[PDB]
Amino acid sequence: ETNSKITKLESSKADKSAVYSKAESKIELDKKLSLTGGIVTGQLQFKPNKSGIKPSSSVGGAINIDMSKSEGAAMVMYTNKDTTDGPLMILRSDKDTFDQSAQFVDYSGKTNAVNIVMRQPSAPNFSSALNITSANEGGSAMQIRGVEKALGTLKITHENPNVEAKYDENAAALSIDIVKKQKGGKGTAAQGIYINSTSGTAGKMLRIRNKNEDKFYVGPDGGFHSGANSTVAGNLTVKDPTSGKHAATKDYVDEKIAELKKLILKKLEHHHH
């Protein structure tokens, strides 16, 4: 009779045991990341593999962040940890044939492209804002190129950390060391500073000022000007003088002495009373 209709409901309709309720669905969905944002509490691993990932500096990357339509930073990594077991950000490449950079910054804008600040510690310690090391003997550890009209390509300022004028007496703006190989080195013949102009310059090669006043320079011809009393702990070789304030050579002195001697001996030999 109507046992047909009841059997049809028993077959056609879904058991509550064999389907998730809306409450159970919400529990399961709430464990997944929404596209509108969320909090990840474990490791998110990216392992692209035949996934169409591109190198493009606009649309590429396993992660791409495009801030063109938004305020704010693309990415922020923050820690207030007292100590920990590794750095905040690591970039690593293992193959000697790897033919791309770890990091490329392609910057247009009106401020500094990369800005690195080491804040004042409570106790001074030997640590730097930037540490660069290379073990490649075929290349300069670091390269800088600029096109400045009226500034230095590299600008270094040393500021006295203290109000007292003698406090920084052992400091320098630039400090250079030249060392032998650490493990078993027999010495070194490396140079301190090498300056060239491959195409040739009209400028001074070295210009030293103090309170904006010229004190010492080396010109494009290699001649120097020194602004005060100076010393050579040794002999100085120079050209024979042709002007009043030119340094006299031993030859010039000896020739003038011999000329006077000859002239006087002649007068002495020939005078009469």
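A residue's number is simply how far along the shown sequence it sits, counting from 1.
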Higher avg CA temperature factor (230-238 vs 22-30, as deposited) belongs to 22-30
Averaging CA B factors per stretch from the PDB record, which one is higher: 137-145 or 121-129? 121-129
Residue, from 70, 212, 36, 45, that the PDB entry assigns the highest Cα B-factor: 212
For the CA B factor values reported in this entry, which option in 155, 166, 95, 158 has the top one? 166
Tertile call for residue 182 (CA temperature factor, within chain, third-based) is the highest
Would the CA B-factor of residue 52 place it in the lowest, middle or highest third of its chain? highest
Among modelled residues of the same chain, the CA temperature factor third for residue 220: middle
Within this chain's modelled residues, let me know which third the CA B factor of residue 243 belongs to: lowest, middle or highest. highest
